[PDB]
Amino acid sequence: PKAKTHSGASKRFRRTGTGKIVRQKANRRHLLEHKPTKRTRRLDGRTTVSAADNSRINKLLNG
Amino acid sequence: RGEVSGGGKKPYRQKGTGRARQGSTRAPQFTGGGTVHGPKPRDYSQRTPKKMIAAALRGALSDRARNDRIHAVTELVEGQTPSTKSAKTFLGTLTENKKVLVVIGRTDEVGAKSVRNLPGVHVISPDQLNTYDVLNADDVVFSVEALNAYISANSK
Amino acid sequence: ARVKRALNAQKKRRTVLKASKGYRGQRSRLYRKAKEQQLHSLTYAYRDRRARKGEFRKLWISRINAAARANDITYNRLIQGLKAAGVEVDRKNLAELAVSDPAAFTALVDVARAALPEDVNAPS
Amino acid sequence: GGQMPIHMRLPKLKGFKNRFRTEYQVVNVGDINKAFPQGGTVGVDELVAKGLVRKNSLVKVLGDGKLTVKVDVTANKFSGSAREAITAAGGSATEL
RNA sequence: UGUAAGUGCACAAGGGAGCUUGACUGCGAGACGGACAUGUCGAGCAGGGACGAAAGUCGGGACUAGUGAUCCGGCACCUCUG
RNA sequence: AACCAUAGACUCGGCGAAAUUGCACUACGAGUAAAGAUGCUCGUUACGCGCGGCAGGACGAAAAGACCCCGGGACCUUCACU
RNA sequence: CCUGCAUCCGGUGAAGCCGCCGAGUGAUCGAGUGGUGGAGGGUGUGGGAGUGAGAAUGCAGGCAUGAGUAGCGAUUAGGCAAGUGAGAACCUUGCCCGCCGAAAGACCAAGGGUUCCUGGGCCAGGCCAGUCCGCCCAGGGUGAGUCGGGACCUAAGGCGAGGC
RNA sequence: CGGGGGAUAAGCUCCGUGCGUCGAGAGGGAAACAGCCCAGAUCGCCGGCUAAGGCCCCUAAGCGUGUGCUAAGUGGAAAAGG
RNA sequence: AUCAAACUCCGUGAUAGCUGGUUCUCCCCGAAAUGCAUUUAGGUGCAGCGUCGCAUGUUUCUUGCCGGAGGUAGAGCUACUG
RNA sequence: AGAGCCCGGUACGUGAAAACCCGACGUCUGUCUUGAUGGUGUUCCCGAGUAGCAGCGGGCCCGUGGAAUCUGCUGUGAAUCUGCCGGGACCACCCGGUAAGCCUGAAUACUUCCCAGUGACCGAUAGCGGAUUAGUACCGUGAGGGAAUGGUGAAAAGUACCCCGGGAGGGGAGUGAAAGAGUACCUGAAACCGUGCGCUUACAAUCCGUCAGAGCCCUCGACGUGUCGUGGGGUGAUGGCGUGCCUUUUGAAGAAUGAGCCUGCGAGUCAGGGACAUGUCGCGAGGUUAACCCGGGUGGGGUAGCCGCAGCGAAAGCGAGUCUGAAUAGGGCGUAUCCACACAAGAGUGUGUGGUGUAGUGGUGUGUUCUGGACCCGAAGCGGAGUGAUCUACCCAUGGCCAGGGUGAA
RNA sequence: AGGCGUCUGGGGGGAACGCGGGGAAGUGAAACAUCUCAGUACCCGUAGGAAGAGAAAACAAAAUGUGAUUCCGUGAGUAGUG
Ligand SMILES: [Mg+2]
Ligand SMILES: [Mg+2]
Ligand SMILES: [Mg+2]
Ligand SMILES: [Mg+2]
Ligand SMILES: [Mg+2]
Ligand SMILES: [Mg+2]
Ligand SMILES: [Mg+2]
Ligand SMILES: [Mg+2]
Ligand SMILES: [Mg+2]
Ligand SMILES: [Mg+2]
Ligand SMILES: [Mg+2]
Ligand SMILES: [Mg+2]
Ligand SMILES: [Mg+2]
Ligand SMILES: [Mg+2]
Ligand SMILES: [Mg+2]
Ligand SMILES: [Mg+2]
Ligand SMILES: [Mg+2]
Ligand SMILES: [Mg+2]
Ligand SMILES: [Mg+2]
Ligand SMILES: [Mg+2]
Ligand SMILES: [Mg+2]
Ligand SMILES: [Mg+2]
Ligand SMILES: [Mg+2]
Ligand SMILES: [Mg+2]
Ligand SMILES: [Mg+2]
Ligand SMILES: [Mg+2]
Ligand SMILES: [Mg+2]
Ligand SMILES: [Mg+2]
Ligand SMILES: [Mg+2]
Ligand SMILES: [Mg+2]
Ligand SMILES: [Mg+2]
Ligand SMILES: [Mg+2]
Ligand SMILES: [Mg+2]
Ligand SMILES: [Mg+2]
Ligand SMILES: [Mg+2]
Ligand SMILES: [Mg+2]
Ligand SMILES: [Mg+2]
Ligand SMILES: [Mg+2]
Ligand SMILES: [Mg+2]
Ligand SMILES: [Mg+2]
Ligand SMILES: [Mg+2]
Ligand SMILES: [Mg+2]
Ligand SMILES: [Mg+2]
Ligand SMILES: [Mg+2]
Ligand SMILES: [Mg+2]
Ligand SMILES: [Mg+2]
Ligand SMILES: [Mg+2]
Ligand SMILES: [Mg+2]
Ligand SMILES: [Mg+2]
Ligand SMILES: [Mg+2]
Ligand SMILES: [Mg+2]
Ligand SMILES: [Mg+2]
Ligand SMILES: [Mg+2]
Ligand SMILES: [Mg+2]
Ligand SMILES: [Mg+2]
Ligand SMILES: [Mg+2]
Ligand SMILES: [Mg+2]
Ligand SMILES: [Mg+2]
Ligand SMILES: [Mg+2]
Ligand SMILES: [Mg+2]
Ligand SMILES: [Mg+2]
Ligand SMILES: [Mg+2]
Ligand SMILES: [Mg+2]
Ligand SMILES: [Mg+2]
Ligand SMILES: [Mg+2]
Ligand SMILES: [Mg+2]
Ligand SMILES: [Mg+2]
Ligand SMILES: [Mg+2]
Ligand SMILES: [Mg+2]
Ligand SMILES: [Mg+2]
Ligand SMILES: [Mg+2]
Ligand SMILES: [Mg+2]
Ligand SMILES: [Mg+2]
Ligand SMILES: [Mg+2]
Ligand SMILES: [Mg+2]
Ligand SMILES: [Mg+2]
Ligand SMILES: [Mg+2]
Ligand SMILES: [Mg+2]
Ligand SMILES: [Mg+2]
Ligand SMILES: [Mg+2]
Ligand SMILES: [Mg+2]
Ligand SMILES: [Mg+2]
Ligand SMILES: [Mg+2]
Ligand SMILES: [Mg+2]
Ligand SMILES: [Mg+2]
Ligand SMILES: [Mg+2]
Ligand SMILES: [Mg+2]
Ligand SMILES: [Mg+2]
Ligand SMILES: [Mg+2]
Ligand SMILES: [Mg+2]
Ligand SMILES: [Mg+2]
Ligand SMILES: [Mg+2]
Ligand SMILES: [Mg+2]
Ligand SMILES: [Mg+2]
Ligand SMILES: [Mg+2]
Ligand SMILES: [Mg+2]
Ligand SMILES: [Mg+2]
Ligand SMILES: [Mg+2]
Ligand SMILES: [Mg+2]
Ligand SMILES: [Mg+2]
Ligand SMILES: [Mg+2]
Ligand SMILES: [Mg+2]
Ligand SMILES: [Mg+2]
Ligand SMILES: [Mg+2]
Ligand SMILES: [Mg+2]
Ligand SMILES: [Mg+2]
Ligand SMILES: [Mg+2]
Ligand SMILES: [Mg+2]
Ligand SMILES: [Mg+2]
Ligand SMILES: [Mg+2]
Ligand SMILES: [Mg+2]
Ligand SMILES: [Mg+2]
Ligand SMILES: [Mg+2]
Ligand SMILES: [Mg+2]
Ligand SMILES: [Mg+2]
Ligand SMILES: [Mg+2]
Ligand SMILES: [Mg+2]
Ligand SMILES: [Mg+2]
Ligand SMILES: [Mg+2]
Ligand SMILES: [Mg+2]
Ligand SMILES: [Mg+2]
Ligand SMILES: [Mg+2]
Ligand SMILES: [Mg+2]
Ligand SMILES: [Mg+2]
Ligand SMILES: [Mg+2]
Ligand SMILES: [Mg+2]
Ligand SMILES: [Mg+2]
Ligand SMILES: [Mg+2]
Ligand SMILES: [Mg+2]
Ligand SMILES: [Mg+2]
Ligand SMILES: [Mg+2]
Ligand SMILES: [Mg+2]
Ligand SMILES: [Mg+2]
Ligand SMILES: [Mg+2]
Ligand SMILES: [Mg+2]
Ligand SMILES: [Mg+2]
Ligand SMILES: [Mg+2]
Ligand SMILES: [Mg+2]
Ligand SMILES: [Mg+2]
Ligand SMILES: [Mg+2]
Ligand SMILES: [Mg+2]
């Protein structure tokens, strides 16, 4: 019975060339009126996930 | 437990009986019941690379040649007349060790049919040579045509 | 294959009973209850093997004190005199000699008394 | 522990798949130079024989390395650097 | 000293007066504490501005509270796809 | 409150029962501790083995407490939802 | 324990069991010795385990105490002479006494199937012993034109050709 | 040890302590007594030296030495006060 | 012989954040009962605390000296509020 | 008592009255040759309540969402070759096809039965519930549930005969190798109950042992009557020490639970080219085969597939670079790593040239993990299908039953 | 319509395998209505030794491609869906 890969994880994460895990930051979709300009600018872009939770994520994506 | 017969009911009440409190009549703890982890049908087939097997066979034959345990016979015994006595005499003259392997081409039957009965002899077609068979016997006797066919097929 | 626990357990149980032979009550007839008191016996033997040192030292000291008091000198002063004279013989030797050679014991006591200092109360 | 975890409380990736992709396979001019000392004509068949790219896939060459041997190149797509390198190496390259 | 307390402000951040919307865009070298994501500051570059002759300051409010993830959907624009 | 008879309880003859059961040549006064000790400290008493009687203790036997709470069922009621 | 391979032991006694004597730092070991037995085993090196018990108010089988203790299943109650036989208060004969008698008696239908008689014995059973038995063995035994049913008729109800 | 809740009560509860121990720790010491004092168990020895505490007998070691207090079994249960 | 929803075969080895049990040996090393969060408090994820290996290996710790900012203990009031 | 040459038979040969089925060889049945071949313009045909459309439901990944296709029901309802339907709404241009009628073997799925074979599967609490009276006895009026019971020996030669006795039972003498084989019959352990022998105890406060320890008794040596010895054994008068086992507990010898004893039975395994990690063997810029064929056989073929070989970007794409962006202007990702050489600040490092140059992939051991109940066992309750009103409730048709004595309406 | 006479066929059983319908609840989401369990158990009507399906109103996309149906391995746990 071939292994099952979690739908959400493979849909909300990505693998880079060398094997690091990347994600996107939250608190951006809506209601950013009071947020100053530098807020979204810093809150934009990608970032490498913290190494603390790396082990769990790797298991999910692989299955 | 789930496949043996019977044992479909709770044997008695739960509280107030006072004896051992049980759930089913054919539980693994009862005598005559099922087994926790019993052997189940399975298959022992194994994968082995062709390169590995060929290298093993080549090494075995190379060692046999190094130790000088290979001999070539044009033919076992005069054809169209099986005779075990002549074959036994010829094998004794050739070698005196207990066990020996003889390989003969498929299209010939008289040699095998005459050499079948010897206790320490095993017959094998040249196309089915295998490491276990070569190792088991101490010496190997090759027919000329069989040897030629094997060498040609392998070198091709 | 199917294997039957025939010999493995019976070997250990035979040796346990053989070692346990000589007890009282069920403890010498029932295997299950036996080994508990086997453990207790081994622990007690371990403990008293060490306690033997103190017990024998106690007996030797008692005997030496009795002999010295009979010979009219205290045990503490006798040991002090022996230490001053620098004779290293052991309490067991003194005890055996006293039970065997009262003359030798008296000679040793006299030597110790001679070797004793002038005043035991001096601040030195 | 009841709390919605990371895979539950983070946004999604940004975009779609575009199943109409048309990938090629990369070939390095430096590797070709290293593998073909004498030079000459090159093509998909001999490239596959040398085992540089998958046989059924589409072929495209890249010019990261340095070239010093005349060669005739036949492929499906080219990059500017590879084109200039081939031209300067005293050779010619054509596209189907 | 708008809104509680503390920390501060008598040189002002207290009050008065003239002009004007930087309560911009594109960026960010490095740090702050945090199990996780949330939170805070920042020199300096370019465009085009404001005030001021100049030097110079301005990416909201003397400071610390006035708020809310995910999914789904609406609206304007786009050199994406179809 | 007293007395008398019947069937047991008592000895003799025959057949022959159940619950429980960690162990035993299983005292007590004052203490000591998971706070109430036959089984630990100090001290006092006490020939070995039986039979007929009395039931304070051995937290005596009986049913994984009904009373309380936690978790899960069942039935019931309605202007709780569908 | 079962297995591939190479070896050795065995009706001149192989496997378990019960001792003696010893031995390793452990789970233990003895190609060292004694009794019982009669038919397969050990060492070396590989592969595979249903491969190791004391407790779950566990389960199958056997056996401990209470115990030679309680009871021996009512509201009537036995006694004597003789007989049988090895054994008799409990079996057979005879004579006294008591009890029941709208039943502790005489029968029908329903209900069981050989408990009925003759002949045999008393390792199983009868709450004790049994010559006895509703114990068993072997044989025998059930006679309707008129008694109860069917061949005579019907009810509450069931089946149901067609049909809905 | 320094604190809050409490009646400046609990063998109560809640904090902080490059704090000890028990929990996961035998021996000796205080009669017994996990959380106190000394002291960290590789094994054997019929050997020596010591910490804590003791030296009338139970019970090994001093009815030790020199200078002073006690009349209450104070020694071997506690305060205002007399 | 059981009824606030009878009995038998099956779905069926119904399912438990809950109670119980889990066996032959030796050598080395050796824990926590804390913080954050939680339809969460006797459950569970992460952090700290252990072991094996890999890589840089004294960067760890104690003492002496040197440069550093605090607002407790204390103390004080014609130095501010009482 | 372990047999190639003792017997049954195995290699090999033969072999059938009758019958079976297959295959091949023979009268008979029937279309066509009154008919076939290549061209042309005109008039008719190519499967009816169907296709399509509208509403309500199904199953295709599509869980009404824009909803393509097939299909169930209800209304409406079309055309015949420049006709019609299909290429995930739809229009236009292209491309394919001709539904509304019917048959069609071969590649595939399975064993109640019969024939022939195999077991690194079980050996009487295992093995199918069933090695014997077997779905029997037995329990339940019903559906139904569901038991335990092998080994004498070469043959019975199953102990003539005599004795004690009623028998049961036993002793001699014989059978036989054994009778320590006597139908209760192989090998015979522990709980359990014994008889004989040696030691010890009736003034004693013991989780019942250990360390010392006189006497008595048995034994091995040297020496003599009993006395020592690098001696062993059993008993123990008497002194010191000494709070059971497992669970769960911060905390228990407990008066927190489990254990009557004994022999058996009962527990981290398996399946998948799965995943991560870690050793082991070949190959090396390749590795690697499925399904399937030929071999009584594990062997030989089989390029269909999967991973590294270049990455960035949601994309049109580009490429040792790439996206953001007006910006060579900084940033995010990548060019194995390093050394050396030059340029910058020494804002920690970056920017340009040259080298050695990169290691992954198949089998397999082991720890964990994924999907199956996955360490073991454990309820109140739900649904489907079936069984009961012989007691108990009510009713229906049909009989029987009530001993004696008082009270006195119309 | 119905009624007579005469011929031809049918009423049940069978371990598994097929075709077309009907068709449940335990359980996971730490609950649960959507889902999943599952078109599973069971039932119904059905024949055979096999059955069903079957001769394009089929795919693909500018290749001058395949050419009835069925069954396996890949195509991939990907394009999607919740
Ligand atoms: Mg996906
Ligand atoms: Mg947006
Ligand atoms: Mg904005
Ligand atoms: Mg942006
Ligand atoms: Mg971690
Ligand atoms: Mg009981
Ligand atoms: Mg069982
Ligand atoms: Mg069974
Ligand atoms: Mg079984
Ligand atoms: Mg192969
Ligand atoms: Mg004794
Ligand atoms: Mg000492
Ligand atoms: Mg101002
Ligand atoms: Mg704003
Ligand atoms: Mg930063
Ligand atoms: Mg400017
Ligand atoms: Mg600025
Ligand atoms: Mg501001
Ligand atoms: Mg201002
Ligand atoms: Mg949501
Ligand atoms: Mg009175
Ligand atoms: Mg009287
Ligand atoms: Mg009486
Ligand atoms: Mg009485
Ligand atoms: Mg009486
Ligand atoms: Mg009796
Ligand atoms: Mg009990
Ligand atoms: Mg008390
Ligand atoms: Mg008390
Ligand atoms: Mg109490
Ligand atoms: Mg006590
Ligand atoms: Mg008491
Ligand atoms: Mg005691
Ligand atoms: Mg004491
Ligand atoms: Mg007295
Ligand atoms: Mg009571
Ligand atoms: Mg009780
Ligand atoms: Mg209750
Ligand atoms: Mg509740
Ligand atoms: Mg209900
Ligand atoms: Mg064996
Ligand atoms: Mg032999
Ligand atoms: Mg023999
Ligand atoms: Mg013998
Ligand atoms: Mg024998
Ligand atoms: Mg081997
Ligand atoms: Mg092995
Ligand atoms: Mg395995
Ligand atoms: Mg097993
Ligand atoms: Mg046992
Ligand atoms: Mg039992
Ligand atoms: Mg009893
Ligand atoms: Mg009695
Ligand atoms: Mg009585
Ligand atoms: Mg009676
Ligand atoms: Mg009589
Ligand atoms: Mg009467
Ligand atoms: Mg009458
Ligand atoms: Mg009457
Ligand atoms: Mg009747
Ligand atoms: Mg009758
Ligand atoms: Mg009769
Ligand atoms: Mg009779
Ligand atoms: Mg009798
Ligand atoms: Mg009887
Ligand atoms: Mg009879
Ligand atoms: Mg008649
Ligand atoms: Mg009718
Ligand atoms: Mg009809
Ligand atoms: Mg304090
Ligand atoms: Mg306090
Ligand atoms: Mg508390
Ligand atoms: Mg605390
Ligand atoms: Mg400690
Ligand atoms: Mg301690
Ligand atoms: Mg102590
Ligand atoms: Mg030590
Ligand atoms: Mg000293
Ligand atoms: Mg001191
Ligand atoms: Mg003394
Ligand atoms: Mg004194
Ligand atoms: Mg003095
Ligand atoms: Mg006092
Ligand atoms: Mg006082
Ligand atoms: Mg006073
Ligand atoms: Mg109900
Ligand atoms: Mg019932
Ligand atoms: Mg199921
Ligand atoms: Mg089942
Ligand atoms: Mg169950
Ligand atoms: Mg569970
Ligand atoms: Mg428990
Ligand atoms: Mg350590
Ligand atoms: Mg806290
Ligand atoms: Mg250093
Ligand atoms: Mg200072
Ligand atoms: Mg103060
Ligand atoms: Mg003041
Ligand atoms: Mg044999
Ligand atoms: Mg024959
Ligand atoms: Mg849908
Ligand atoms: Mg749709
Ligand atoms: Mg289209
Ligand atoms: Mg065409
Ligand atoms: Mg058509
Ligand atoms: Mg087929
Ligand atoms: Mg047996
Ligand atoms: Mg019945
Ligand atoms: Mg004989
Ligand atoms: Mg018997
Ligand atoms: Mg026997
Ligand atoms: Mg005495
Ligand atoms: Mg005492
Ligand atoms: Mg003691
Ligand atoms: Mg004591
Ligand atoms: Mg436990
Ligand atoms: Mg505890
Ligand atoms: Mg604990
Ligand atoms: Mg404890
Ligand atoms: Mg007790
Ligand atoms: Mg307890
Ligand atoms: Mg209790
Ligand atoms: Mg408890
Ligand atoms: Mg038991
Ligand atoms: Mg019992
Ligand atoms: Mg895995
Ligand atoms: Mg690996
Ligand atoms: Mg390697
Ligand atoms: Mg990508
Ligand atoms: Mg950059
Ligand atoms: Mg039900
Ligand atoms: Mg009925
Ligand atoms: Mg009238
Ligand atoms: Mg039919
Ligand atoms: Mg849940
Ligand atoms: Mg739930
Ligand atoms: Mg489904
Ligand atoms: Mg057919
Ligand atoms: Mg078809
Ligand atoms: Mg069709
Ligand atoms: Mg696929």
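Per the deposited record, cryo-EM is how this structure was determined, to a resolution of 3.26 Å.

1. A closer look at the nonpolar core
Grouped together as the largest cluster of nonpolar side chains are 15 residues, with contacts concentrated most on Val27, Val42, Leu67, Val71, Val73 and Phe78 of chain D. The greatest single-element share of this core, amounting to three residues, is contributed by strand β4 (residues 71-75) of chain D. If we ignore the near neighbours within four places in the chain, the residues touching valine 27 of chain D are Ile32, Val53, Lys60, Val61 and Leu62 of chain D. In terms of nonpolar packing, the next biggest core, distinct from the first, is built from 11 residues, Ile64, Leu94, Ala98 and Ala112 of chain C among them.

2. Concerning the sheet that holds strand β3 (residues 46-48) of chain A
All names here are of chain A. Taken together, three strands build an open sheet; the order of strands is β1-β2-β3 and the sheet is antiparallel. Each end of this open sheet is capped by a strand with a single partner; those strands are β1 (14-15) and β3. Of the strand pairs in this sheet, strand β2 (residues 21-24) and β3 are connected by three bridges, and their pairing is antiparallel. Directly across from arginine 23, in β3, lies its bridge partner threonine 47.

3. A look at the packing of aromatic side chains
All names here are of chain B. Summed over all chains, the structure comprises one aromatic pair over all chains. Cation over ring: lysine 10 sits above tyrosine 12, and NZ or CZ is 5.9 Å from the ring centre. If you follow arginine 19 out to its NZ or CZ, it ends over the ring of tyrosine 12, 4.2 Å from the centre.

4. Some points on the protein's contact with RNA strand K
Residues and elements named next belong to chain A. Every residue lining RNA strand K is accounted for by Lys2, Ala3, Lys4, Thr5 and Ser7. Of what RNA strand K places within 4 Å of the protein, 43% of the atoms are sugar or phosphate. Side-chain polar atom of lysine 2 to a sugar or linking oxygen of RNA strand K: 2.5 Å apart, as the coordinates give it. The separation between a base nitrogen of RNA strand K and a polar side-chain atom of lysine 4 is 3.4 Å.

5. Thoughts on the protein's contact with RNA strand H
Residue and element names in this part refer to chain C. Close contacts around RNA strand H come from 14 residues, with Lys53, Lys58, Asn65, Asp90 and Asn121 the closest. Here RNA strand H approaches the protein such that, of its atoms within 4 Å, sugar and phosphate make up 79%. Between a phosphate oxygen of RNA strand H and a side-chain N or O atom of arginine 57, the distance comes to 2.8 Å. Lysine 58 places a side-chain nitrogen or oxygen 2.4 Å from a sugar or linking oxygen of RNA strand H.

6. Structural notes on unusual backbone geometry
All names here are of chain B. One non-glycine residue with positive phi stands out, namely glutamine 80, at about 60°. Along the chain, the position of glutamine 80 falls in the loop between β1 (70-73) and α2 (84-94). Residue classification places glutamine 80 among the exposed positions, given a relative accessible area of 72%.

7. Things to note about the interface of chain D and chain A
Where interface size is quoted, it is often the accessible area lost as the parts come together. Taken together, the contact pairs 10 residues of chain D with 12 residues of chain A. Roughly 1,200 Å² is buried in total at the junction of chain D and chain A, and carbon and sulfur atoms are behind 60% of that figure. Counting the surface chain D buries against chain A, the share from its top three residues, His7, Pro11 and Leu13 of chain D, is 53%. Here chain D is connected to chain A by zero salt bridges. The interface formed by chain D and chain A contains four residue pairs in polar contact.

8. A closer look at a positive patch on the surface
Residues and elements named next belong to chain A. Taken together, the side chains of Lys38, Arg39, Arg41 and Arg42 present a region of like positive charge at the surface. Along the chain, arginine 39 falls in helix α2 (residues 37-43). A residue is classified by how much of its surface remains accessible, and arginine 39, at 36% relative accessible area, is partly exposed.

9. A closer look at the pattern of salt bridges
Here the structure, examined in full by the defined rule, presents three salt bridges over all chains. One salt bridge in this structure joins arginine 28 of chain A and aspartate 44 of chain A, with 2.1 Å as the shortest N-O distance. Of the two residues, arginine 28 of chain A is situated in the loop between β2 and α2 and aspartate 44 of chain A in the loop between α2 and β3; the sequence distance between them amounts to 16 residues. Look at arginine 28 of chain A and you get partly exposed, because its relative accessible area is 30%. By relative accessible area, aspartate 44 of chain A is classed as partly exposed at 41%. As a salt-bridge pair, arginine 69 of chain B and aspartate 139 of chain B come within 3.1 Å of each other at their nearest N and O atoms.

10. Concerning the packing of helix α1 (residues 7-20) of chain C against helix α2 (residues 31-70) of chain C
Each pair of packed helices gets described by two things: the angle between the helix axes and the distance between those axes. Residue and element names in this part refer to chain C. Direction vectors running N to C along α1 and α2 enclose 60°, while the axes themselves pass 10 Å from each other. Relative to α2, α1 is oriented oblique. Crossing hand, α1 versus α2: left-handed. Residues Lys12, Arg13, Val16, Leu17, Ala19 and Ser20 of α1 lie in contact with α2, whose contacting residues are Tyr31, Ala34 and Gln38. Partitioned by chemical class, the residues of the contact of α1 with α2 number five nonpolar, two polar and two charged.

About the criteria used
As a numbering rule, every chain is indexed from 1 in the order its sequence is written, which need not reproduce the entry's residue numbers; residues that lack coordinates are not presented. Following the order in which they are written, the chains are lettered starting with A and the ligands numbered starting with 1. Only some chains of a larger assembly appear here, and every value describes just that portion. Hydrogen atoms and water are omitted, and side-chain values are computed over all heavy atoms in the structure. Buried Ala, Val, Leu, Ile, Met, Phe, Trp, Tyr and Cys residues form a nonpolar core when they are joined through side-chain atoms within 4.5 Å. Accessibility here uses a 1.4 Å probe with only protein chains present; expressed as a share of the type maximum, an area under 20% marks a residue as buried, one over 50% as exposed, and anything in between as partly exposed. Helical segments are the DSSP runs of H or I of at least four residues, strand segments are the runs of E of at least two, and each set is numbered from the N terminus. Should any heavy atoms of two residues lie within 4.5 Å, those residues are considered in contact. For two strands to pair, DSSP has to find at least two bridges joining them. Each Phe, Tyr or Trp ring, with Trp reduced to its six-membered ring, pairs with another whose centre is within 6.5 Å; inter-plane angles below 30 degrees give stacked pairs, above 60 give edge-to-face pairs, and intermediate values give tilted ones. The rule is short: NZ of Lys or CZ of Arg within 6 Å of the ring centre and within 35 degrees of the ring normal puts a charge over the ring. Here, proximity means that at least one heavy atom of the residue falls within 4 Å of the molecule or strand. As used in this structure description, the phrase polar contact means that two N or O atoms lie within 3.5 Å; if the pair is within protein, one of them must be able to donate a hydrogen and the other to accept it, and residues adjacent in sequence are counted only when both atoms belong to side chains. Buried surface area refers to the total accessible area, computed with a probe of radius 1.4 Å, that the two partners give up upon joining, counted for both partners together. Salt bridges are identified by distance alone: a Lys or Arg side-chain nitrogen within 4 Å of an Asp or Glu carboxyl oxygen. Patch membership is restricted to residues that have no salt bridge and whose relative accessible area is over 30%. Joining uses 9 Å for like charges and 5 Å for the nonpolar side chains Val, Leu, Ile, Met, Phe, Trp and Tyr. Residue-level accessible areas treat just the shown protein chains as cover; the underlying method is Shrake-Rupley with a 1.4 Å probe. In this tally, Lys and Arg are treated as positive and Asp and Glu as negative; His is ignored, and so are the chain termini. For the purpose of locating charges, the reference atoms are NZ of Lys, CZ of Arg, CG of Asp and CD of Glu. Orientation is described by axes fitted as lines to C-alpha atoms, over the contacting stretch for helices, and by angles from 0 to 180 degrees between their N-to-C directions. Oblique is the label for every angle not falling under 35 degrees (roughly parallel), over 145 degrees (roughly antiparallel), or within 65 to 115 degrees (roughly perpendicular). Should the near helix be turned anticlockwise from the far one by less than a right angle, the crossing is left-handed, and should it be turned clockwise, the crossing is right-handed. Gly is placed with the polar residues, together with every amino acid not listed as nonpolar (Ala, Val, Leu, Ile, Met, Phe, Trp, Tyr, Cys and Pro) or charged (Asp, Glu, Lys and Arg).

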